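4 protein chains.
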Amino acid sequence: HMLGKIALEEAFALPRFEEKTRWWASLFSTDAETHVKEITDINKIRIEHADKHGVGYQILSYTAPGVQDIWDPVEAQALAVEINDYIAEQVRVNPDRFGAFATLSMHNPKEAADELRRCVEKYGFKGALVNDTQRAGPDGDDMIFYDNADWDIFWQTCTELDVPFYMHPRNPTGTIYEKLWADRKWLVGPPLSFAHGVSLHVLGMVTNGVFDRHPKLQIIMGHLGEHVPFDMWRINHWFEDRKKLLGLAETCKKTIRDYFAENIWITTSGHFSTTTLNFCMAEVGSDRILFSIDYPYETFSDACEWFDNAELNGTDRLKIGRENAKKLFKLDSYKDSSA
Amino acid sequence: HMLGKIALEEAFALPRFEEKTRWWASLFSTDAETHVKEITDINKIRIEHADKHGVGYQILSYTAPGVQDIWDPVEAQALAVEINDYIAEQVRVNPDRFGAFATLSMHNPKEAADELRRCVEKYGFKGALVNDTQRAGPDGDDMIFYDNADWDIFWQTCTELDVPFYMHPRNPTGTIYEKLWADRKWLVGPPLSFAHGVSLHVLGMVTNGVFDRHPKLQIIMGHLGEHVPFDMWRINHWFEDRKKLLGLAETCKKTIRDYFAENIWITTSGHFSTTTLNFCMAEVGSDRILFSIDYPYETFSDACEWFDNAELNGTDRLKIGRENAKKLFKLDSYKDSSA
Amino acid sequence: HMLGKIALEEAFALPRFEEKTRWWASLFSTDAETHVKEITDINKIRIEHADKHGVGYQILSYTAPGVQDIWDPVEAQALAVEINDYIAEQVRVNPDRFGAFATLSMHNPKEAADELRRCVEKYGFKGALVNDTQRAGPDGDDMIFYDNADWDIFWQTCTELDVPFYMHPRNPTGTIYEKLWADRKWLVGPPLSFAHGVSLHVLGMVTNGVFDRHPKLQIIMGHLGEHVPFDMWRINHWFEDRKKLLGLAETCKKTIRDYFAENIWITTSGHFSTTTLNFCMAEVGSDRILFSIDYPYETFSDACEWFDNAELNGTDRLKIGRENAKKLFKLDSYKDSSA
Amino acid sequence: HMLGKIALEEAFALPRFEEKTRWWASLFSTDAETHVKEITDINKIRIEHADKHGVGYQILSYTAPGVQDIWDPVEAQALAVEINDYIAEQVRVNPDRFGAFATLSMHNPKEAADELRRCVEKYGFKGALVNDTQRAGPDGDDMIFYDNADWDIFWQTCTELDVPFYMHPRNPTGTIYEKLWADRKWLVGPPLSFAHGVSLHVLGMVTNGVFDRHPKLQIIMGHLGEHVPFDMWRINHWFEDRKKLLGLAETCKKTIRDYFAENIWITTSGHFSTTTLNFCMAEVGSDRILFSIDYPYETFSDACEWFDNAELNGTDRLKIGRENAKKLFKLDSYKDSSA
Ligand SMILES: [Mg+2]
Ligand SMILES: [Mg+2]
Ligand SMILES: [Mg+2]
Ligand SMILES: [Mg+2]
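Chains as they are written, first to last, in the entry's author numbering: chain C, 0 to 338; chain D, 0 to 338; chain A, 0 to 338; chain B, 0 to 338.
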């Protein structure tokens, strides 16, 4: 029904990582062979799905856990460069159907900034997509978070290039996995652990002043915001009426509602619920919500049959389906972009 | 306006723990002197609040982190016994206004079962309230979860006594605190960390078959369900359409919506949002929602002015305000119970 | 997937009225030949639809405008008796699958009470369904409303038998049609005029004290309550804060929300909207909402595919789909009634 | 809290009509002496209210029933001209705080079009506000509707000037009053009759092709859309799936959702319900919703304390409170317009 939709939590993997791809698919797919074919394909199967379901344009990104799983910084940086080079070449086949997010090693802020700059300047990438914290340390058991002053040089690069950063989840690993998840392993991923990671990281950016030092920074969360809109009232209450009387205001200058109006976006990836969408329109606003799919972990059919048929006023179907993203990513014409 | 309300996430502390109380207050209270007085008081300040705001009956419970902070099992068990004996004596002063939940050391399933039984049979306590996992190990860095077969003896005691179990949060400690929370410490507690703990534990009970082995067991979550209602669609989708095709169905026989209809309850503690309440009525149903306050971390005025004045149909205001709890806790007569 | 659902705004017509049936189908059906077959059939097509869509029990009623279109009181009364005798015979073919509402001439309160009593006592009918006001006067241009003291004997009969009254719509006629609807005739029926009639009549019962004189009276409206839940706040405000300080309190002793908690029910007939259902759960409460179809003006497929697949908590799906009506109509077991 | 709000369903009356003002107040006010002073006051009481409640700009309109109550066309036209001349002079006192809608005699399309043009071109009025149908005929028992081709010249003037038309309610009179309302007179006005008139007229414009012949025409409804959003699903279903197979497609070329996205606006006048606002945000979209009060039938305190404190994302509070109206009415700066 609606044509020219934009999706932007849409993953690919390098052909040479088939064994890693099959392992991940053994956790999160019920048809691993199709999953492998679909996550590797760019220009045939993905285009067929999009043509069947009114998706004009997709911004592609590297699969989780991706480069954030790599704790050797030399190996991680080389892989990020190789991935960005590769997808830049694949999207040349269909530039009116595909863009790309930068894939980054996040071991070092300046290095990440320089690779993001190369991606935007050399290839016209639309932003960065990063799978939560960067694994680091001896067995990759440490975690690099980006909500501190060391990362100001990276966030300033984001706003100077004026591109958003998509904070995608990754799986729990090492000590955190063994202590919290190994004994309830079915909760790993979309059921719970993914949202716990992303919400921690983004609310860390909030409470550590990232959006105060970088008020134009745009951060995107999938899965209708990784629980955060559910607690909008409760977070705001415990910030404004409690923690900001105790020290939080020193590093957090606006309300959580301000940051959702000015800095934070949510997408519909993997959360095809009109009831939850309506609640998010109340708590976050339709201007800040973007359609997305989470392919190939989710199907085009599921996401698009939901969104195309959901009961929704026409103004917001148009905005969430494509017009919000057209403005955010400064998109020129693409297939059915005005249909 | 509505009288005879029942609240059941209402904390007290022992006078002799003032030093620990003042530390906890330094994290979660903006008026430490009033907090110390209010968390210790049972029969004067608490009654005055309840009289001003139409609260007929309160089921009291021990503050967090409580006994779950105590990793020496002998010390933890002695403190639980002391607390239960203490509160039983305190609530005899005003039995038409107060009941109590059992406070438990959860180091050993049979020990916890025996102390719950003593509380119910000797004192007429209404169930148990436990602050998430039990700290254990030589310096308290281990965590005891209850979503496994060792705890069958305990859960069968809950269903044999036919009393509910309230899974309350507690703070992150030790390794988990240092790795995830120390660099974003303003998120500890109500903003984020509390719900991450309780939702993990309760969904662990779901996916490890606790409610299949104990289909009559009632589990209560505060704070409108610790994010879980937001992801009801997404959890159900990733169970029924994904993980249940990969092995989860072998230890998880019903849908997440079944378990919320049959086993799980949520309360309004610390989440005084009509918009979110309405969304929870859609996702879990008004029959499964209980009024509560979270005093003295929240005020009677905030909780009761909100709920008394919220826009709500008369049927559900009556159920959520008192009639759901009257049925669940078999409370037929107390102050203003028929007002 | 839900089985054993109950539908209760489900119409039939006498075979001898083929022309009036075809005229009415010319306004409200896109397939007149199927409509004629379906509205006259009781025991084959209707059962086939129900078996395919998990409907265990249907309470049948006479099509609109039905007896309310007949302004000759002798002819009106004879037709009502004919219809009730007819449908009582028809449902004995499949008594486990069907009940019936009484069809009444509403020219005279005593006469209507006596025929309602005959239907319930002799045939075990479940209540009455009436298509808004009774046409009367020499050319049928008068309207008999039931919201006055003349009808106390009729409303007392409903409460004595403890059976509900379904206020179904009918078309505008005569002077009202000419002045308001003739020049915008596409609005006649479901788009607007139907709800305008029913809401006027039921809110007249409210404001003329019918539910004060008969506080056990149960009144059912289809189509999610004929606009009334949308204005629950506005009606309550203009009653309690305005009209009840100017004279309304003399004949209206409770609030509009009280009457929806105690007296008024709404059904999902012809309004297969989860968004509007959720709003109705907020403003009226799931305890007061009944599944229904509006067959054969709506299809089993539309109503049942919607309800079976709607995002809804399991508690309220069970209540709205059957358990509310099972209690309201004191039903014995029927096909799949506890499936 | 929010400053610079815009309200635009705000009524005044001429001092020389105090008798008629007091009669109207006897129906819809509980404090007649205050009502009389407030409905005639422009620059003192009205300004003090707005200063205390963060209202920067108000578009004023003549009270109901106003000129639509006058069935003598010479008398009606003279009064419209007098009222427009009067209010243009009155708003000169505080031009940064007030604008005005044109008041019109709607007996004749060209005459009304010419007076609207005079008001816009000579006085800078912002549009027209008309109280539903125009009384006409020998005793005023006829009604002039505007949903027909005779009114094309008027609607073309609206779009040529690019100003909106506010369809305000009026009381039922004459035969309609006697047949439908006299026996349930407490439903007259806000409880029911008002919405029945406006929804009929605007959905008449929809189904008689007014918005097809004049696709730039902007129509405003108060009271969150006079029931129409509640039935958006049902109207759309009975248009697209029923009536448009029987002839409606010949005079109605878009869906009802298209007309709410392109032509129709709703305001919050007299409907201070966050639950209903949230539902209207789903069904109509926050871009199409305007704050308003309905003063002095509603109080600034009721409307503004509600809206200032309602739980709502910051994006939509800004748009609904002022930014939607700033763009629709092409406003220059006014008090607190960018605060
Ligand atoms: Mg993804
Ligand atoms: Mg608590
Ligand atoms: Mg019907
Ligand atoms: Mg008004």
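Backbone N, C-alpha and C fix where the C-beta goes; we use that ideal spot for every residue, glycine too.
| Check | Outcome |
| --- | --- |
| Proximal residues of chain C, C-beta to C-beta of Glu-8(A) below 8 Å | Correct list: empty, because the minimum Cβ distance to chain C is about 22 Å. |
| Rounded separation between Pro-171(D) and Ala-181(D) - CA only | 10 Å |
| Proximity test, Cβ basis, 9 Å: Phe-259(A) and chain D | yes |
| Where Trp-232(C) meets chain B, residues with beta-carbon distance less than 9 Å | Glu-310 |
| Partner residues on chain A for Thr-314(C), Cβ-Cβ distance less than 9 Å | Residues of chain A passing the Cβ test: none, with the nearest at roughly 15 Å. |
| With 16 other Cβ atoms within 10 Å as the buried cut-off, status of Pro-163(D) | buried |
| Residues of the stretch 256-290 of chain A whose Cβ lies closer than 7 Å to any Cβ of chain C, in chain order | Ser-272, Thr-273, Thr-274 and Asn-277 |
| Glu-8(D): CB within 8 Å of a non-hydrogen atom of ligand 2 | yes |
| CB of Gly-284(B) within 9 Å of CB of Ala-309(B), strictly | no |
| heavy atom of ligand 1 below 8 Å from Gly-221(C) C-beta | yes |
| Cβ separation of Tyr-165(B) and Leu-223(B), assumed to be a contact under 8 Å, to the nearest whole Å | Not quite, the Cβ-Cβ distance comes to about 14 Å (not below 8 Å), so this is no contact. |
| Cβ-Cβ distance between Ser-291(C) and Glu-8(C) below 9 Å | yes |
| Whole-angstrom C-beta distance between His-52(D) and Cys-303(D), which should lie under 8 Å | 4 Å |
| Inter-stretch contact (C-beta, 8 Å, three-pair minimum) for the stretch 319-330 of chain A and the stretch 264-283 of chain D | no |
| Near ligand 2: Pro-64(D) beta-carbon under 8 Å from a heavy atom | no |
| Under the three-state DSSP convention, the category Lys-318(D) falls into | helix |
| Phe-144(B) at chain A interface by Cβ criterion, 9 Å | yes |
| Cβ-Cβ distance between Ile-46(A) and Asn-93(A) below 9 Å | yes |
| Cβ-Cβ distance between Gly-55(C) and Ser-336(C) below 9 Å | yes |
| Per-residue burial, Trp-185(B) [other beta carbons within 10 Å of its own, 16 or more giving buried] | buried |
| Inter-stretch contact at 8 Å, needing at least 3 Cβ pairs: the stretch 134-148 of chain A / the stretch 61-71 of chain A | yes |
| Cut-off 6 Å between Cβ atoms - residues of its own chain near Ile-5(A), not counting five sequence neighbours on either side | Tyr-56, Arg-321 and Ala-324 |
| Endpoints, the beta strand (DSSP E) within which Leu-59(D) is located | 54-61 |
| Proximity of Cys-251(B) and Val-205(B) at Cβ, strictly below 9 Å | yes |
| CA-to-CA distance, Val-80(A) to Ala-24(B), given in whole angstroms | 50 Å |
| Cutoff 7 Å; reference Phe-27(C); Cβ partners in own chain excluding five residues on either side | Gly-188 and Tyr-296 |
| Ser-300(C) Cβ short of 8 Å to ligand 2 heavy atom set | no |
| Alpha carbon of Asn-42(C) to alpha carbon of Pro-14(C), nearest angstrom | 14 Å |
| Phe-11(D) to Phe-306(C) span [Cα, whole Å] | 48 Å |
| Integer-rounded CB distance, given that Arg-134(B) should sit under 8 Å from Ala-63(B) | Actually they do not touch by this definition, with Cβ atoms about 12 Å apart. |
| Residues near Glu-225(B) in its chain [Cβ-Cβ closer than 6 Å; skip 5 each side] | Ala-194, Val-197 and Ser-198 |
| Neighbour-count burial assignment, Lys-242(C), 16 or more Cβ in a 10 Å radius | buried |
| Straight-line gap, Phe-124(A) to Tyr-333(A) (C-alpha atoms, nearest Å) | 15 Å |
| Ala-49(C) versus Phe-16(C), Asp-95(C) and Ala-87(C), residue with shortest Cα-Cα distance | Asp-95(C) |
| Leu-78(A) to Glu-239(D) span [Cα, whole Å] | 53 Å |
| Nonlocal neighbours in the same chain, by C-beta distance under 7 Å from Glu-37(B), ignoring five residues either side | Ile-44 and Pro-295 |
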